[PDB]
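**Student:** once you've seen the sequence and the experimental structure below, I've got questions.
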Amino acid sequence: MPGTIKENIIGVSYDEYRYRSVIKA
């Protein structure tokens, strides 16, 4: 949503940082 460029908490990264880095390779 434009007009609010100060709150990228609207779920941006869905599958790229969900605390799922416990199985590094």
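**Tutor:** Sure, I can see it. Residues are numbered from 1 along each chain as shown.

**Student:** only C-alpha atoms for contact and neighbour calcs from this point on.
**Tutor:** OK.

**Student:** what is the neighbour count of residue 19?
**Tutor:** Residue 19 is surrounded by 7 other residues when neighbours are defined as other CA atoms under 10 Å.

**Student:** helix or strand: which one has it?
**Tutor:** Secondary-structure element containing residue 19, defined by DSSP states H and E: none, the residue being outside all helices and strands.

**Student:** before we move on, what about residue 14?
**Tutor:** Assigned by DSSP H and E, residue 14 falls outside every helix and strand.

**Student:** run a quick neighbour tally on it.
**Tutor:** Counted with other CA under 10 Å, the burial measure for residue 14 works out to 7 neighbours.

**Student:** same question, residue 6
**Tutor:** Counted with other CA under 10 Å, the burial measure for residue 6 works out to 7 neighbours.

**Student:** let me see the contact set for it.
**Tutor:** By CA atoms under 8 Å, 6 or more residues apart in numbering, no residues touch residue 6.

**Student:** could you export stretch 12-25 as CSV, CA atoms only?
**Tutor:** This file holds the C-alpha atoms of stretch 12-25, laid out as CSV (Å, rounded to 0.1, in the frame of the first residue of the first chain):
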residue,chain,number,x,y,z
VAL,A,12,6.8,-8.9,2.7
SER,A,13,9.2,-11.9,2.9
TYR,A,14,6.8,-14.9,3.0
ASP,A,15,9.3,-17.7,2.3
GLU,A,16,12.8,-16.1,2.6
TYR,A,17,13.4,-15.6,6.4
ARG,A,18,10.7,-17.5,8.4
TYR,A,19,13.2,-18.5,11.1
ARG,A,20,13.7,-21.6,9.0
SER,A,21,17.5,-21.3,8.9
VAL,A,22,18.1,-24.2,11.4
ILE,A,23,18.9,-26.6,8.5
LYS,A,24,21.8,-24.7,6.8
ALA,A,25,23.7,-26.7,4.2
